[PDB]
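Below is one structure, written out as structure tokens; the observations come after it.
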Amino acid sequence: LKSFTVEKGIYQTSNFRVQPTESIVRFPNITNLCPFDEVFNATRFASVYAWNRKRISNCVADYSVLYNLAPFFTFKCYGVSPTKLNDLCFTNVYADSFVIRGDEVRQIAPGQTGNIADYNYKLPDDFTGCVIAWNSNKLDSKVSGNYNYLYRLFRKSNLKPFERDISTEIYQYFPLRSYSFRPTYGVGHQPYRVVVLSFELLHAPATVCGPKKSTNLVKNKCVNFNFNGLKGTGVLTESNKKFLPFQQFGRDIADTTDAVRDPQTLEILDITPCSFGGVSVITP
Amino acid sequence: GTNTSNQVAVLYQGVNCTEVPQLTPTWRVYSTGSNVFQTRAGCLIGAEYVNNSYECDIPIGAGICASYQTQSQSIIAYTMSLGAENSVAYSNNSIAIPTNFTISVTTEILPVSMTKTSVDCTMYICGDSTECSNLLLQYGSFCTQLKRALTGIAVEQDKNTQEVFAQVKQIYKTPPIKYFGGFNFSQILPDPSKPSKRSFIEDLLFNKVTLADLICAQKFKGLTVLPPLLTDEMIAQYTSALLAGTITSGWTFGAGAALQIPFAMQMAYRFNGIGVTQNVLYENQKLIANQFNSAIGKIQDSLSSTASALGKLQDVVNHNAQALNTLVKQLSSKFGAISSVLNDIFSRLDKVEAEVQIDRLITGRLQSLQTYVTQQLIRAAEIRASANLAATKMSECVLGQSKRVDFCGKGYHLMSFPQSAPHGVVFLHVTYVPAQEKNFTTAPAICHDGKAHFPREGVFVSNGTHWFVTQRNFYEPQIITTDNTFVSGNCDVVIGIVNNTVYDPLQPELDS
Amino acid sequence: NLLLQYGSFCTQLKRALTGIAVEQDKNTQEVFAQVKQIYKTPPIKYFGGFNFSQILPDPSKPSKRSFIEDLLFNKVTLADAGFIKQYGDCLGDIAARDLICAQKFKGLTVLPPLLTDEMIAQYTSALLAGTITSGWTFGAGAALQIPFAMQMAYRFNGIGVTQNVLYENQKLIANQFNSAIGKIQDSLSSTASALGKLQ
Amino acid sequence: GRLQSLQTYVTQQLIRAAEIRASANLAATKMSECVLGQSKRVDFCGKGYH
Ligand SMILES: *[C@@H]1O[C@H](CO)[C@@H](O[C@@H]2O[C@H](CO)[C@@H](O[C@@H]3O[C@H](CO[C@H]4O[C@H](CO)[C@@H](O)[C@H](O)[C@@H]4O)[C@@H](O)[C@H](O[C@H]4O[C@H](CO)[C@@H](O)[C@H](O)[C@@H]4O)[C@@H]3O)[C@H](O)[C@H]2NC(C)=O)[C@H](O)[C@H]1NC(C)=O
Ligand SMILES: *[C@@H]1O[C@H](CO)[C@@H](O[C@@H]2O[C@H](CO)[C@@H](O[C@@H]3O[C@H](CO[C@H]4O[C@H](CO)[C@@H](O)[C@H](O)[C@@H]4O)[C@@H](O)[C@H](O[C@H]4O[C@H](CO)[C@@H](O)[C@H](O)[C@@H]4O)[C@@H]3O)[C@H](O)[C@H]2NC(C)=O)[C@H](O)[C@H]1NC(C)=O
Ligand SMILES: *[C@@H]1O[C@H](CO)[C@@H](O[C@@H]2O[C@H](CO)[C@@H](O[C@@H]3O[C@H](CO[C@H]4O[C@H](CO)[C@@H](O)[C@H](O)[C@@H]4O)[C@@H](O)[C@H](O[C@H]4O[C@H](CO)[C@@H](O)[C@H](O)[C@@H]4O)[C@@H]3O)[C@H](O)[C@H]2NC(C)=O)[C@H](O)[C@H]1NC(C)=O
Ligand SMILES: *[C@@H]1O[C@H](CO)[C@@H](O[C@@H]2O[C@H](CO)[C@@H](O[C@@H]3O[C@H](CO[C@H]4O[C@H](CO)[C@@H](O)[C@H](O)[C@@H]4O)[C@@H](O)[C@H](O[C@H]4O[C@H](CO)[C@@H](O)[C@H](O)[C@@H]4O)[C@@H]3O)[C@H](O)[C@H]2NC(C)=O)[C@H](O)[C@H]1NC(C)=O
Ligand SMILES: *[C@@H]1O[C@H](CO)[C@@H](O[C@@H]2O[C@H](CO)[C@@H](O[C@@H]3O[C@H](CO)[C@@H](O)[C@H](O)[C@@H]3O)[C@H](O)[C@H]2NC(C)=O)[C@H](O)[C@H]1NC(C)=O
Ligand SMILES: *[C@@H]1O[C@H](CO)[C@@H](O[C@@H]2O[C@H](CO)[C@@H](O[C@@H]3O[C@H](CO)[C@@H](O)[C@H](O)[C@@H]3O)[C@H](O)[C@H]2NC(C)=O)[C@H](O)[C@H]1NC(C)=O
Ligand SMILES: *[C@@H]1O[C@H](CO)[C@@H](O[C@@H]2O[C@H](CO)[C@@H](O[C@@H]3O[C@H](CO)[C@@H](O)[C@H](O)[C@@H]3O)[C@H](O)[C@H]2NC(C)=O)[C@H](O)[C@H]1NC(C)=O
Ligand SMILES: *[C@@H]1O[C@H](CO)[C@@H](O[C@@H]2O[C@H](CO)[C@@H](O)[C@H](O)[C@H]2NC(C)=O)[C@H](O)[C@H]1NC(C)=O
Ligand SMILES: *[C@@H]1O[C@H](CO)[C@@H](O[C@@H]2O[C@H](CO)[C@@H](O)[C@H](O)[C@H]2NC(C)=O)[C@H](O)[C@H]1NC(C)=O
Ligand SMILES: *[C@@H]1O[C@H](CO)[C@@H](O[C@@H]2O[C@H](CO)[C@@H](O)[C@H](O)[C@H]2NC(C)=O)[C@H](O)[C@H]1NC(C)=O
Ligand SMILES: *[C@@H]1O[C@H](CO)[C@@H](O)[C@H](O)[C@H]1NC(C)=O
Ligand SMILES: *[C@@H]1O[C@H](CO)[C@@H](O)[C@H](O)[C@H]1NC(C)=O
Ligand SMILES: *[C@@H]1O[C@H](CO)[C@@H](O)[C@H](O)[C@H]1NC(C)=O
Ligand SMILES: *[C@@H]1O[C@H](CO)[C@@H](O)[C@H](O)[C@H]1NC(C)=O
């Protein structure tokens, strides 16, 4: 009341909530490691046509290995901050590794137009993913030019994003050009190894989790829980809901997750928020 | 209704009929039809215009309505009918006097209070989140004034119920002998068979309202419903006390202590209050009691058959739920952020740029909560304006006999009986209606000996040969004497005066 | 596409405006449609010397409104509001810039009322005919016919004045009533600011 | 900004609708009690005895 004197009556003061007791971390128990070492440490990168589309699944992704490597040019991420990538879990991670001159590295971006950016592959505007670059002059640049790599300069139609349309016919001039990577060129004319990671944040049972360790299950008590990156506080009870085998989550009217499937055992847990209410003070 | 048929007419509003037939709706079958009609509201396609007089079924506008009729069933459009044409046979010396009456008990339904709600700001806006609760403190004191407004509405609802129902000071009760002058009151007096001592009509009114999982789903969002102060048994006890006082004491329990009186004499004084002499009831008491019992049975059959008359209370049930289900369903909105779940924004973004996304969600949910509080305040003002009228009708018609025209039922008011209902009150208005008209020839005054004779109360009428004086609201001819007439002036002033002999009762007493 | 993410604001604003639009027609029906049958006056217009020719409907008018109703409709400069202006030359650039065409282009329209003025005038005509030829009897039950002088004497008897006063001063009472009706007509014709509550 | 601009208009229309409904209820009461019958309430329908 912002007063030192309280009159006779009933006054609503605050709200009580049952505080959680334990914190639960829950994750699938895969132990395999990513093919990241088969991507960044590749002996010879591909061009924009072969495009090196690599699927990553059933892995315990440790992005801090990229943090322990000093030689990295850019680590620019959309949708997910790079420092929290170990605290999330992803369904399938797609890696695209290629070599492009340093002038056109900035061209490859969603909503950015260019020659390589439009004529080879676009990036969609809903791209939740990261791009990593490195100036690798030691291996990609060769004496008297590196003529193995071949890139587009002219294409009649702007391609739909993530397409592999390859054509070598003469357009209406031969539209393909070898960039002739030399070690004596300027900074803008140096080859760059660029790897683009695209992840799907869906409701599917995810496989590419972080290095977090799962704990035991606590039922019928107000606890903090973490199911594959889904954080919350509530009571996990046994549910009689008949989940279809393709379904993972269950949602309420207000688009809130109220039923979950455990990523280790195949049981279904109902999440109910802990007991709360208002507090009224009855005084003379 | 989809229960009846599936035919559909389409009204293009404000569009000339030569301009409606690309198009944004994919369907086009109801834009190039063969039943195109032009109204002032727009172009109506799919309904055939018939030029007959019907009352309005589905209102279109500008005097045009629509309905579904066997014209073979189809949707027709017409001009709405105001009513049956009548012509009063006015004349210089013609009057119409009712020779019979009827007793009509009608039903009036009034909302009194609505649902008292409480909203937790922190659980609705953030929901088990610490950093959102820390960020919410920078927005000032909006939650305190929202809680203050909801507390004011919640106090005002109990004030409305206390003002309407608690107008009696002592809880009266009827004697176990239930002979109230031949009138049957068993369908409104309380029944001890039910665990909650309500009447038959009160039980029907409680069953005809579908008053309320949705409640458990909105309970988890910080949206709670407070119980009312007065339970339904207490409201039933108030209505029982008012009914017992009105039956066994008349209007005298409103002015002070209850004064007992037989119901026949009380109801005869109710007739005397509306300009009908009290011998009419003492000559037609059996007929009046039978008509009252028949009207009570008709109300029972109407309430058991059709439940669509209680919609004025049902909206009070509806608007207090439909406004809540919207408030839950606005937690799924993103408001330009990346997600409608705050924990994903916390676990996917760092603290530099997550707060920018979280601020849009906080502002959108705060705006939605303020919108809900504003509509609740407007609806509370409307409910209070209805409850004041309900309290006035209880004070002036249950506790007395109103002379205001059409305030309590059509006709001359005699009685009213209150019944409780979910979030409201129901008045059974017992009124007097004249029934069987008859034509008579009238005159303002009568020349007896060169002096005008005006009636004291009643109307001078003629049956063709003789002249009598009657009451205004009932036909009862009597001999025109000097007792019921008074003398003023001579015969040369009044327009329409007639010649008749005024009897003198003193002259046969001199012949003894 | 960006507005689709903001939720159900548009639905509840449309619901509120639809509720207001229904409530206006309910108000008009509650006020004017109190009579059951459309009564009409007899063709002879003698009512004990009282003159009702200025409030009874005029058959010469196409809208079937009375003289005082014509003055009341002339004093209020009601806009067309766009339900009259349904024509497609509002789209074309004609005349000058119009506020109704601009707010029609902005998405703000006006719906017509359910009851036209030719029906409100018929309700007021029926109420006037019932009040004149039957008194208070048409409010309760059937319309009981009564001479107007006897009805007015009973109106005097309702306020504590005996009924011989009217039968001795009927000509003076009728002349005072006609003079007062003419004074209302002159006051409404001279001054155009009397209806500001509607304006 | 435009959504707030529309909500303010809707709220003011609701308040004016409530005021107009109060005036319409008063007009209905005046039609029922004064046109359809004689009134004994002082200064309800005109100054003087109605
Ligand atoms: C003013 O208006 C009221 C109604 O608004 C009239 O009351 C009715 O009057 C009629 C005629 O007198 C009654 O009809 C007759 O009733 C007789 C028995 O009445 C009892 O039973 C009825 C149910 O049937 C109860 O409702 C009632 O209260 C009584 O307890 C019957 O025996 C009569 O039948 C005869 O006529 C019929 C044709 O109608 C024949 O087929 C039969 O074979 C038989 O010969 C008849 O039905 C009526 O009951 C009254 N109603 C009520 C509720 O009492 C007033 O009469 C009227 N007053 C004036 C002065 O006009
Ligand atoms: C209800 O009852 C009243 C009164 O009873 C009727 O009103 C009139 O009543 C009188 C008699 O009661 C009728 O007779 C006429 O009286 C007139 C007035 O008399 C004065 O004037 C004469 C001179 O004319 C004096 O001698 C006398 O002393 C009075 O001072 C007379 O003027 C009439 O004269 C008739 O005859 C002469 C010829 O002698 C003609 O020149 C006249 O024109 C006239 O025709 C006559 O004597 C009188 O007729 C009644 N009035 C009417 C309008 O009829 C009411 O009529 C009655 N109501 C009904 C419905 O009948
Ligand atoms: C009940 O009250 C009504 C209204 O007062 C009486 O009816 C007559 O009403 C008219 C006007 O409505 C009175 O005025 C006369 O109007 C004539 C018509 O012209 C007007 O009306 C037309 C439409 O009909 C308009 O288009 C036009 O512009 C005019 O406004 C005029 O021709 C008359 O003029 C004559 O009289 C004047 C008097 O000063 C002379 O100077 C002229 O030279 C000319 O001869 C007149 O102005 C009319 O007076 C009313 N009649 C009477 C008898 O008063 C009802 O009669 C009344 N009923 C009862 C029972 O009291
Ligand atoms: C209660 O108060 C009323 C006033 O509201 C008195 O009634 C009469 O009122 C009128 C004014 O409205 C007075 O004058 C009228 O003048 C008109 C023109 O006549 C001229 O010529 C005569 C004769 O020379 C003069 O007396 C007059 O002053 C004018 O110069 C006439 O047309 C009027 O007639 C109207 O009134 C009579 C009733 O008086 C009706 O029957 C007629 O049909 C017509 O409508 C009138 O002459 C007049 O002076 C007032 N009357 C008197 C007697 O003074 C009431 O009289 C008053 N009552 C009491 C008890 O005081
Ligand atoms: C590609 O090859 C390089 C070179 O081998 C890999 O870099 C090295 O990866 C290891 C992870 O196994 C890093 O971790 C550890 O560092 C500590 C301290 O330096 C050391 O004591 C451990 O024995 C271990 O090496 C290591 O820092 C990192 N760098 C170097 C210079 O050794 C890289 O992981 C490979 N894969 C990719 C995708 O780049
Ligand atoms: C009281 O008397 C009046 C005056 O007669 C009645 O009004 C009228 O009654 C007649 C009689 O049936 C109704 O029919 C009409 O008859 C005339 C003449 O025969 C005829 O030309 C018409 O075509 C019509 O058939 C008439 O409709 C009715 N009303 C009017 C306005 O004239 C009245 O009915 C009587 N009331 C009672 C209760 O008896
Ligand atoms: C006042 O009205 C009530 C009903 O509105 C009357 O109560 C009814 O009285 C009858 C005979 O006394 C009861 O008996 C029979 O019930 C069977 C069904 O069990 C029915 O099919 C028969 O037609 C007959 O009605 C009836 O149960 C009873 N109803 C109730 C609800 O209690 C009461 O008698 C009336 N009072 C007076 C003084 O007339
Ligand atoms: C690792 O996960 C696997 C499955 O992903 C577990 O193996 C079985 O999981 C099903 C799932 O309901 C259980 O019903 C079986 O009882 C599990 N088998 C055994 C032998 O336990 C496996 O248990 C998990 N291991 C750990 C250490 O959590
Ligand atoms: C639709 O209206 C009908 C009455 O017109 C309701 O009742 C049904 O009537 C039919 C016709 O004889 C019966 O065969 C059914 O058994 C009745 N009941 C039902 C449940 O269909 C009917 O309830 C209405 N339906 C809806 C959804 O309102
Ligand atoms: C709205 O529709 C009506 C009815 O078709 C149009 O009225 C016609 O207009 C033309 C030219 O103005 C006339 O030759 C016709 O005689 C009119 N028909 C009738 C029945 O009056 C009206 O013009 C249309 N509105 C617009 C703006 O074009
Ligand atoms: C892909 O799409 C383009 C245009 O959208 C079309 O011309 C082409 O034939 C399609 N297929 C391949 C293999 O490029
Ligand atoms: C009424 O409608 C019918 C058919 O639609 C038509 O023949 C008749 O002329 C119409 N009458 C009037 C008065 O409009
Ligand atoms: C009028 O009533 C009287 C008294 O009841 C009676 O003598 C006379 O015959 C009646 N006249 C008619 C025409 O019915
Ligand atoms: C009487 O009635 C006739 C016709 O209904 C009417 O013309 C006349 O004005 C009335 N009054 C008198 C006094 O004749």
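FYI, nothing fancy with the structure tokens labels: chains A, B, ... in order, residues from 1 per chain, ligands from 1 as they appear.
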
Can you pull out every residue with an atom within 9 Å of ligand 7? Use only C-alpha atoms and all ligand atoms and format it as an mmCIF file with N, CA and C atoms, in the first residue's frame.
```cif
data_model
loop_
_atom_site.group_PDB
_atom_site.id
_atom_site.type_symbol
_atom_site.label_atom_id
_atom_site.label_comp_id
_atom_site.auth_asym_id
_atom_site.auth_seq_id
_atom_site.Cartn_x
_atom_site.Cartn_y
_atom_site.Cartn_z
ATOM 1 N N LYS B 178 -51.066 -23.824 2.895
ATOM 2 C CA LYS B 178 -50.765 -23.194 1.615
ATOM 3 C C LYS B 178 -52.024 -22.881 0.815
ATOM 4 N N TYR B 179 -53.046 -22.343 1.476
ATOM 5 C CA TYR B 179 -54.255 -21.882 0.797
ATOM 6 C C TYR B 179 -54.213 -20.358 0.765
ATOM 7 N N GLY B 182 -57.007 -19.499 -2.958
ATOM 8 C CA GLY B 182 -57.222 -20.266 -4.162
ATOM 9 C C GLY B 182 -56.118 -20.159 -5.190
ATOM 10 N N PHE B 183 -55.146 -19.277 -4.976
ATOM 11 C CA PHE B 183 -54.021 -19.141 -5.886
ATOM 12 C C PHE B 183 -52.996 -20.225 -5.592
ATOM 13 N N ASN B 184 -52.427 -20.797 -6.648
ATOM 14 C CA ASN B 184 -51.468 -21.886 -6.519
ATOM 15 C C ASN B 184 -50.058 -21.322 -6.639
ATOM 16 N N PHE B 185 -49.281 -21.438 -5.560
ATOM 17 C CA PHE B 185 -47.933 -20.886 -5.494
ATOM 18 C C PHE B 185 -46.873 -21.965 -5.318
ATOM 19 N N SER B 186 -47.186 -23.213 -5.656
ATOM 20 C CA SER B 186 -46.266 -24.311 -5.389
ATOM 21 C C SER B 186 -45.098 -24.369 -6.363
ATOM 22 N N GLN B 187 -45.172 -23.668 -7.490
ATOM 23 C CA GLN B 187 -44.103 -23.710 -8.475
ATOM 24 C C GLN B 187 -43.071 -22.610 -8.284
ATOM 25 N N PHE B 200 -39.325 -24.968 -8.432
ATOM 26 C CA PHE B 200 -39.303 -25.669 -9.709
ATOM 27 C C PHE B 200 -38.786 -24.762 -10.819
ATOM 28 N N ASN B 293 -53.308 -19.740 -12.322
ATOM 29 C CA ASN B 293 -52.713 -21.075 -12.351
ATOM 30 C C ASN B 293 -52.390 -21.514 -13.776
ATOM 31 N N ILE B 296 -49.223 -19.641 -14.861
ATOM 32 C CA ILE B 296 -48.039 -20.231 -14.236
ATOM 33 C C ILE B 296 -47.659 -21.543 -14.926
ATOM 34 N N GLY B 297 -48.659 -22.370 -15.257
ATOM 35 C CA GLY B 297 -48.390 -23.582 -16.017
ATOM 36 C C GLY B 297 -47.862 -23.318 -17.416
ATOM 37 N N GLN B 300 -44.231 -22.519 -17.023
ATOM 38 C CA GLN B 300 -43.488 -23.759 -16.791
ATOM 39 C C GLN B 300 -43.267 -24.538 -18.084
#
```

Using only C-alpha atoms, select each residue of chain D with any atom at most 12 Å away from an atom of chain B, and give the selection as a PDB file with N, CA and C atoms, in the first residue's frame.
```
ATOM      1  N   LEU D   3      -1.857  -0.233 -35.502  1.00  0.00           N
ATOM      2  CA  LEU D   3      -2.715  -1.102 -34.706  1.00  0.00           C
ATOM      3  C   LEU D   3      -3.162  -0.410 -33.420  1.00  0.00           C
ATOM      4  N   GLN D   4      -2.258   0.342 -32.778  1.00  0.00           N
ATOM      5  CA  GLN D   4      -2.644   1.164 -31.631  1.00  0.00           C
ATOM      6  C   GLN D   4      -3.638   2.249 -32.033  1.00  0.00           C
ATOM      7  N   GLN D   7      -6.986   0.571 -32.312  1.00  0.00           N
ATOM      8  CA  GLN D   7      -7.531   0.157 -31.018  1.00  0.00           C
ATOM      9  C   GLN D   7      -8.100   1.337 -30.238  1.00  0.00           C
ATOM     10  N   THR D   8      -7.461   2.508 -30.342  1.00  0.00           N
ATOM     11  CA  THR D   8      -7.983   3.702 -29.675  1.00  0.00           C
ATOM     12  C   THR D   8      -9.350   4.101 -30.227  1.00  0.00           C
ATOM     13  N   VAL D  10     -11.514   2.030 -31.665  1.00  0.00           N
ATOM     14  CA  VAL D  10     -12.481   1.012 -31.245  1.00  0.00           C
ATOM     15  C   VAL D  10     -12.926   1.243 -29.800  1.00  0.00           C
ATOM     16  N   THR D  11     -11.984   1.597 -28.915  1.00  0.00           N
ATOM     17  CA  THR D  11     -12.323   1.870 -27.517  1.00  0.00           C
ATOM     18  C   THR D  11     -13.223   3.099 -27.373  1.00  0.00           C
ATOM     19  N   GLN D  12     -12.919   4.173 -28.112  1.00  0.00           N
ATOM     20  CA  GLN D  12     -13.767   5.361 -28.055  1.00  0.00           C
ATOM     21  C   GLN D  12     -15.150   5.103 -28.644  1.00  0.00           C
ATOM     22  N   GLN D  13     -15.234   4.261 -29.681  1.00  0.00           N
ATOM     23  CA  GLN D  13     -16.533   3.869 -30.217  1.00  0.00           C
ATOM     24  C   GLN D  13     -17.333   3.058 -29.207  1.00  0.00           C
ATOM     25  N   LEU D  14     -16.662   2.203 -28.425  1.00  0.00           N
ATOM     26  CA  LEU D  14     -17.355   1.431 -27.392  1.00  0.00           C
ATOM     27  C   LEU D  14     -17.919   2.330 -26.296  1.00  0.00           C
ATOM     28  N   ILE D  15     -17.139   3.328 -25.868  1.00  0.00           N
ATOM     29  CA  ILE D  15     -17.607   4.262 -24.841  1.00  0.00           C
ATOM     30  C   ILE D  15     -18.786   5.093 -25.351  1.00  0.00           C
ATOM     31  N   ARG D  16     -18.684   5.600 -26.585  1.00  0.00           N
ATOM     32  CA  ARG D  16     -19.781   6.372 -27.161  1.00  0.00           C
ATOM     33  C   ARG D  16     -21.013   5.510 -27.417  1.00  0.00           C
ATOM     34  N   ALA D  17     -20.820   4.222 -27.719  1.00  0.00           N
ATOM     35  CA  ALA D  17     -21.943   3.305 -27.877  1.00  0.00           C
ATOM     36  C   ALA D  17     -22.661   3.071 -26.560  1.00  0.00           C
ATOM     37  N   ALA D  18     -21.910   2.979 -25.458  1.00  0.00           N
ATOM     38  CA  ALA D  18     -22.538   2.837 -24.147  1.00  0.00           C
ATOM     39  C   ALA D  18     -23.350   4.076 -23.778  1.00  0.00           C
ATOM     40  N   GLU D  19     -22.814   5.265 -24.074  1.00  0.00           N
ATOM     41  CA  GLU D  19     -23.555   6.502 -23.808  1.00  0.00           C
ATOM     42  C   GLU D  19     -24.820   6.606 -24.664  1.00  0.00           C
ATOM     43  N   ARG D  21     -26.472   4.069 -25.900  1.00  0.00           N
ATOM     44  CA  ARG D  21     -27.407   3.061 -25.403  1.00  0.00           C
ATOM     45  C   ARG D  21     -28.140   3.537 -24.156  1.00  0.00           C
ATOM     46  N   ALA D  22     -27.450   4.273 -23.278  1.00  0.00           N
ATOM     47  CA  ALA D  22     -28.123   4.870 -22.124  1.00  0.00           C
ATOM     48  C   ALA D  22     -29.178   5.886 -22.556  1.00  0.00           C
ATOM     49  N   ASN D  25     -32.171   3.948 -24.001  1.00  0.00           N
ATOM     50  CA  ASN D  25     -33.006   3.398 -22.937  1.00  0.00           C
ATOM     51  C   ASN D  25     -33.875   4.474 -22.300  1.00  0.00           C
ATOM     52  N   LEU D  26     -33.318   5.677 -22.112  1.00  0.00           N
ATOM     53  CA  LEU D  26     -34.119   6.791 -21.605  1.00  0.00           C
ATOM     54  C   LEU D  26     -35.222   7.183 -22.586  1.00  0.00           C
ATOM     55  N   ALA D  28     -36.677   5.160 -24.780  1.00  0.00           N
ATOM     56  CA  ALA D  28     -37.675   4.094 -24.726  1.00  0.00           C
ATOM     57  C   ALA D  28     -38.569   4.228 -23.499  1.00  0.00           C
ATOM     58  N   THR D  29     -37.981   4.581 -22.350  1.00  0.00           N
ATOM     59  CA  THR D  29     -38.769   4.809 -21.141  1.00  0.00           C
ATOM     60  C   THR D  29     -39.706   6.003 -21.298  1.00  0.00           C
ATOM     61  N   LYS D  30     -39.230   7.080 -21.930  1.00  0.00           N
ATOM     62  CA  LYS D  30     -40.080   8.247 -22.155  1.00  0.00           C
ATOM     63  C   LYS D  30     -41.191   7.962 -23.154  1.00  0.00           C
ATOM     64  N   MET D  31     -40.940   7.100 -24.141  1.00  0.00           N
ATOM     65  CA  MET D  31     -42.003   6.712 -25.062  1.00  0.00           C
ATOM     66  C   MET D  31     -43.035   5.828 -24.374  1.00  0.00           C
ATOM     67  N   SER D  32     -42.589   4.929 -23.494  1.00  0.00           N
ATOM     68  CA  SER D  32     -43.525   4.025 -22.834  1.00  0.00           C
ATOM     69  C   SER D  32     -44.366   4.744 -21.788  1.00  0.00           C
ATOM     70  N   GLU D  33     -43.776   5.683 -21.052  1.00  0.00           N
ATOM     71  CA  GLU D  33     -44.454   6.249 -19.892  1.00  0.00           C
ATOM     72  C   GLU D  33     -45.171   7.560 -20.163  1.00  0.00           C
ATOM     73  N   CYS D  34     -44.879   8.234 -21.265  1.00  0.00           N
ATOM     74  CA  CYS D  34     -45.486   9.532 -21.530  1.00  0.00           C
ATOM     75  C   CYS D  34     -46.328   9.568 -22.793  1.00  0.00           C
ATOM     76  N   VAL D  35     -45.873   8.948 -23.882  1.00  0.00           N
ATOM     77  CA  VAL D  35     -46.716   8.849 -25.068  1.00  0.00           C
ATOM     78  C   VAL D  35     -47.841   7.846 -24.844  1.00  0.00           C
ATOM     79  N   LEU D  36     -47.526   6.695 -24.258  1.00  0.00           N
ATOM     80  CA  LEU D  36     -48.480   5.604 -24.101  1.00  0.00           C
ATOM     81  C   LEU D  36     -49.320   5.708 -22.834  1.00  0.00           C
ATOM     82  N   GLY D  37     -49.113   6.730 -22.016  1.00  0.00           N
ATOM     83  CA  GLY D  37     -49.921   6.910 -20.822  1.00  0.00           C
ATOM     84  C   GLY D  37     -49.545   8.210 -20.150  1.00  0.00           C
ATOM     85  N   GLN D  38     -50.367   8.603 -19.184  1.00  0.00           N
ATOM     86  CA  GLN D  38     -50.099   9.823 -18.435  1.00  0.00           C
ATOM     87  C   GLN D  38     -49.102   9.549 -17.320  1.00  0.00           C
ATOM     88  N   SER D  39     -48.224  10.514 -17.070  1.00  0.00           N
ATOM     89  CA  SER D  39     -47.143  10.361 -16.110  1.00  0.00           C
ATOM     90  C   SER D  39     -47.355  11.277 -14.915  1.00  0.00           C
ATOM     91  N   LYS D  40     -47.104  10.746 -13.721  1.00  0.00           N
ATOM     92  CA  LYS D  40     -47.194  11.510 -12.486  1.00  0.00           C
ATOM     93  C   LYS D  40     -45.834  11.902 -11.931  1.00  0.00           C
ATOM     94  N   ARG D  41     -44.750  11.572 -12.624  1.00  0.00           N
ATOM     95  CA  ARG D  41     -43.417  11.952 -12.180  1.00  0.00           C
ATOM     96  C   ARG D  41     -43.169  13.419 -12.500  1.00  0.00           C
ATOM     97  N   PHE D  44     -40.533  14.933 -15.395  1.00  0.00           N
ATOM     98  CA  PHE D  44     -40.048  13.870 -16.264  1.00  0.00           C
ATOM     99  C   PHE D  44     -40.389  14.154 -17.717  1.00  0.00           C
TER     100      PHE D  44
END
```

For segment 6-12 of chain B: contacts at 6 Å, only C-alpha atoms, fewer than 3 positions along chain excluded, given as number ranges by chain: B: 2, 15, 42-47

Within 12 Å of ligand 4, counting only C-alpha atoms and all ligand atoms, residues as number ranges by chain: B: 493; C: 49-50, 165, 168-180

Once you have the residues from the selection above, write them out as a compact mmCIF listing (two decimals), in the first residue's frame, restricted to C-alpha atoms.
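Ended up saving to selection08.txt:
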```txt
# COMPACT_ATOMS: atom_id res chain seq x y z
CA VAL B 493 -71.95 25.45 -22.53
CA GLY C 49 -61.24 21.55 -32.16
CA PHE C 50 -57.66 20.39 -31.68
CA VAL C 165 -63.33 22.86 -16.48
CA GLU C 168 -66.62 24.88 -20.00
CA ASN C 169 -63.33 26.04 -21.59
CA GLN C 170 -62.88 23.61 -24.51
CA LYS C 171 -62.69 26.32 -27.18
CA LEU C 172 -60.05 28.28 -25.24
CA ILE C 173 -58.07 25.08 -24.57
CA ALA C 174 -58.12 24.12 -28.26
CA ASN C 175 -57.06 27.63 -29.32
CA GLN C 176 -54.20 27.62 -26.79
CA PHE C 177 -53.05 24.21 -28.08
CA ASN C 178 -53.13 25.38 -31.71
CA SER C 179 -51.22 28.56 -30.80
CA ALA C 180 -48.57 26.51 -28.97
```
